[PDB]
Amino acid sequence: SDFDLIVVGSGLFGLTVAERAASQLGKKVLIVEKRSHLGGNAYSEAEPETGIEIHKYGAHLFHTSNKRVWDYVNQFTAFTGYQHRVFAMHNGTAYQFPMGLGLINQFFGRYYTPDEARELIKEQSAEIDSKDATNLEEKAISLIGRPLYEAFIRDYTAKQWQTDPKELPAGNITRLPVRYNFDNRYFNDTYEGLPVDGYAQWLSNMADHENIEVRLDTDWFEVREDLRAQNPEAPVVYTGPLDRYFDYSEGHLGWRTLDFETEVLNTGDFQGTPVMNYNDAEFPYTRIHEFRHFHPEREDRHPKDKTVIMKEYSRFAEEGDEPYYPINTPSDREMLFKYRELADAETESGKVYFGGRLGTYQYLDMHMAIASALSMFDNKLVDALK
């Protein structure tokens, strides 16, 4: 047949499943993708005026402690030695971040040793016991105290969730957000970097296989009856929206979206670092990205007098908005459980598997999407394709 497997959507989940079927099982794979490009939200592109690599669906930082995933992705791209670091703008000062000896010195006004800082945090957070916290605000305060909470957590969180923190689950904070050293590496994972030639090249390499066919600008729901009629026995891996697949018969799942305001400025350097969080309520955006600093190794390909920045705004996803993060209200969790029963039935009657961020109503980092695809491949598709 012209294909043995259909994959709907070309994000990291779809690409991984398609590439494994194609290279490990020698199967013909047809990838159907609604957008004009591969890669889903991890896709990146050159900004036209400067040539700087930018993102239109959020900045993407790759990090993992999963060696199998790391070895896998390195078949398709090399990675730079980039290490993500973040700074937090509060009341006119850029603080070292996350909370650690650096921020503590800057904020409380003098140097605390590791043991002194531990004692300071005990004092500050004495007010509430975390076992007694009834919401996010109380849980946060019970861990780090009111001054730290009100300076670095309250408004940022309120901007991100569009909700007063008094009205968020205490379960949204599960550990001490404070380091008792000067380590300001943002991620804690064994492996980290950015694709040397950009995400578009990486993701394109995954789909670049003699056994893989890609059809862009193609909505699964517009072509599915025709495609499956060509080969009825071919399974489908669907990574599109779960609720939309079942015609919203159980309701609309709720998502948060993001607005990106991207500007080219006539300066070589706007903030001197890739990411600046804006922790104060007076700024509508949660953070600014300056894309050139993600690839300092490309400095003589970058313009000396221009730079691209991007401001990030968070809000509820309405119709026409890109759905990015599941809201997960108990109402959402309910209709999800109902959709899971429909999906499971659809798998056994129609050989349609559900995966990925949209297909399962679950936020997935890139390495988690890859791990999840590797697992579906190993545990389900090898058997379904013989």
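Throughout, we count residues from 1 along the sequence that is shown.
A.B. asks: Report the stretch with the higher mean CA temperature factor, choosing between 252 to 260 and 192 to 200 on the basis of the entry.
C.D. replies: Stretch with the higher mean C-alpha B-factor: 252 to 260.
A.B. asks: 227 to 235 versus 127 to 135: which one carries the higher mean Cα B factor per the record?
C.D. replies: Here the higher of the two C-alpha B-factor means belongs to 127 to 135.
A.B. asks: Going by the CA temperature factor in the entry, name the top one among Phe337, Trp70, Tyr325, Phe354.
C.D. replies: Among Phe337, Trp70, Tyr325, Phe354, the PDB entry lists the largest C-alpha B-factor for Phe337.
A.B. asks: Kindly indicate the residue among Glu290, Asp208, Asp247, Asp183 with the greatest C-alpha B-factor in the PDB record.
C.D. replies: Among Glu290, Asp208, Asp247, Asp183, the highest C-alpha B-factor in the entry belongs to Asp247.
A.B. asks: Going by the entry, which third of its chain does the Cα temperature factor of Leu168 land in?
C.D. replies: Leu168: CA B-factor falls in the highest third of its chain.
A.B. asks: Ranking every modelled residue in this chain by its Cα temperature factor as given in the entry, which third contains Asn74?
C.D. replies: Bottom third by C-alpha B-factor.
A.B. asks: Place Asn41 in the lowest, middle or highest third of its chain's C-alpha B-factors, as listed in the PDB entry.
C.D. replies: Its C-alpha B-factor, which the entry lists for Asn41, ranks in the lowest third among residues of this chain.
A.B. asks: How does the C-alpha B factor of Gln271 compare with the rest of the chain: lowest, middle or highest third?
C.D. replies: Tercile = lowest for this residue's CA B-factor.
A.B. asks: Would you mind checking where the Cα B-factor of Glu33 ranks among the modelled residues of its chain, as the lowest, middle or highest third?
C.D. replies: Bottom third by C-alpha B-factor.
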